[PDB]
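Have a look at the structure below, then the notes.
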Amino acid sequence: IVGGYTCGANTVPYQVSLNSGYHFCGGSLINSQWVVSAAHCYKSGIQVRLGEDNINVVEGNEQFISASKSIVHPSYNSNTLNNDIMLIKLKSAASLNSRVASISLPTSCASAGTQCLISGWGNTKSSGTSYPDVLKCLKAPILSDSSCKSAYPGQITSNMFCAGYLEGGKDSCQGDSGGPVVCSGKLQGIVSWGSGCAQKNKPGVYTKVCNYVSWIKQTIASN
Ligand SMILES: NCc1ccccc1
Ligand SMILES: NCc1ccccc1
Ligand SMILES: [Ca+2]
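Mature numbering (1 follows the signal peptide of the UniProt record, and there is no 0) numbers the first residue of the sequence shown as 7 and each following residue consecutively.
Below, the structure written as structure tokens:
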């Protein structure tokens with residue numbers, strides 16, 4: 007997260023870190039057994055880390071639980087990033103309390119202009135590289151479809167929305183991928199792609215979770 011703020015420990019209790027020997031992506035806990043992340047975060051051997059603030063220090067509220075299975079969206083296209091969503095099942099249920107909690111799926115799609123909360127352990131620099139230890143947060147509005155399309159001509163599908171700041175300075179970045187965009191208390195987006203971080207006229211692009219609720223519910227009912 008570039009241009010954001012320190013969230014505060016366990017103030018984003020649905021935020022997970024995906025670890026394969028190192029942090030590589032975020033995710034969102036949607037019930038005691040399931041995480042939603044980006045399909046471009048897929049890999050084998052995932053350990054889900056819940057209850058994290060500093061990802062480099064064991065502070066006392068963590069739960070580390072291995073994934074038993076991952077399910078990439080059946081129509082994910084890694085070229086276009088259309089349908090950039092994945093479900094990850096935990097080998098054992100998480101214990102839910104104030105420091106670890108699920109986030110609700112949306113009922114309706116979020117509105118242009120709505121401020122949302124984006125979070126992650128990704129790079130904090132637009133130019134160059136610096137990774138934080140503690141979870142970072144960013145308040146960012148959803149942009150109009152027309153401004154999103156103008157920023158990325160020919161690339162925005164109905165399964166994507168833009169959020170952030172056309173002037174630059176404030177955005178998600180590498181290592182935030184797969185993490186949450188929460189608007190009005192519901193999971194509306196997944197950190198998906200863009201062109202760099204915090205560059206002018208290149209806002210972040212987010213998977214539009216409201217399009218996927220049916221697939222999520224059906225999948226978790228059978229796996
Ligand atoms: N083919 C998409 C596109 C449209 C206008 C400008 C650039 C790219
Ligand atoms: N600046 C949007 C973005 C997020 C994740 C990875 C690449 C780019
Ligand atoms: Ca920790």
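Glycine included, each C-beta is placed from N, C-alpha and C at the ideal position.
Applying the criterion that 16 or more other CB atoms from any shown protein chain within 10 Å of the CB defines a buried residue, is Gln224 buried or exposed?
Working through the sequence shown from its first residue, we reach residue 224 at position 218. The residue in question, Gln224, is exposed, as its Cβ has fewer than 16 Cβ neighbours within 10 Å.
Can you list, in chain order, the residues of its chain whose CB lies under 8 Å from that of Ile52, leaving out five sequence neighbours each side?
Position 46 of the sequence shown, counted from the first residue, corresponds to residue 52. Counting only Cβ-Cβ distances below 8 Å, and skipping sequence neighbours, we find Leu24, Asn25, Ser26, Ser72, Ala73, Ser76 and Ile94.
So, using beta-carbon positions, are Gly33 and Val42 closer together than 8 Å?
Walking along the sequence shown from the start, residue 33 turns up at place 27. Walking along the sequence shown from the start, residue 42 turns up at place 36. In this structure, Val42 lies closer than 8 Å to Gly33 by Cβ.
Among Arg55, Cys203, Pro159 and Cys168, nearest to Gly195 - alpha-carbon criterion:
Working through the sequence shown from its first residue, we reach residue 195 at position 189. Out of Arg55, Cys203, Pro159 and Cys168, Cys168 has the C-alpha closest to the C-alpha of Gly195.
Quick check on this structure: which residue in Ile148, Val64, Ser136 and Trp199 has the alpha carbon closest to the alpha carbon of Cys115?
On the sequence shown, residue 115 is found 109 positions in, with the first residue counted as 1. Minimum Cα distance to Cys115 is reached at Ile148.
Contact set for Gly119: own chain, Cβ-Cβ below 7 Å, skip 5 residues either direction
Position 113 of the sequence shown holds residue 119. Here the set comprises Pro147 and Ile148.
Taking 7 Å as the cut-off, is the C-beta of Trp199 nearer than that to any heavy atom in ligand 2?
For the purposes of this step, residue 199 is identified with residue 193 of the sequence shown, where counting begins at 1. The answer is yes for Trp199.
Span of the alpha helix (DSSP H) holding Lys208?
Position 202 of the sequence shown, counted from the first residue, corresponds to residue 208. No alpha helix (DSSP H) holds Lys208; DSSP gives it neither H nor E.
Judging by CA-CA distance, which residue of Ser153, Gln21 and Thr163 is the nearest neighbour of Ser104?
Position 98 of the sequence shown, counted from the start, is the residue given in the question as residue 104. Residue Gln21 is the option with its Cα nearest to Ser104.
Could you tell me whether the segment 122–136 touches the segment 155–162, using the rule of 3 or more Cβ pairs below 8 Å?
no
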